[PDB]
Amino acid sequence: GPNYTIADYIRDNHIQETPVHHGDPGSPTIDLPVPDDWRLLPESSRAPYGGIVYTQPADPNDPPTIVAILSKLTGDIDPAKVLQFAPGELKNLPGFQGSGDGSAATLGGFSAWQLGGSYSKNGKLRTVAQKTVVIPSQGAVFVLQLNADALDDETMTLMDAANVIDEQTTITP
């Protein structure tokens, strides 16, 4: 899309990006909570840093989910620019509609950005949101992204889980 993204920022600069997994030497420890009625997702192709899925979905083939990704950025990386370009990805979604570009936030004591809204996929309105947390540590900038997605009618399920995540997550570099 026409919006500059974090991926564009990485591509256009002398920045190395490497995926991070639980237990990797040199990486932060991120304790995400598992809200009630949600179940933990292990690390997989579809949940690179794990995630959570709602255990009482209206459509078991399309349940509300919050998936985590953790990346390690080294080189000519400015943590403030990661936050600056965080809204680009969602804003490029087909028919995305949200309240502006989102807002600043914090998670586990680190600076973050969150935006949410709706988009249309296969003729169905979906609620989507992304929280990006910048974690400068150990000669690198780690970037955590939490990607929430659900059918429009299950928007409140996502919002409830988000409050639990916002209040209980700890991040220790």
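All residue numbers are counted from 1 along the displayed sequence.
- Relative to its counterpart among 39-47 and 124-132, 39-47 has the higher mean temperature factor, C-alpha atoms as listed in the PDB entry.
- The PDB entry reports B-factors from which the mean C-alpha value can be compared for 70-78 and 95-103; the larger average falls on 95-103.
- Per the deposited record, 34 carries the highest C-alpha B-factor of all listed residues (146, 34, 143, 140).
- Between the residues 115, 112, 58, 30, the entry's highest C-alpha temperature factor is the one at 58.
- Ranked by Cα temperature factor within the chain, residue 20 sits in the lowest third according to the deposited record.
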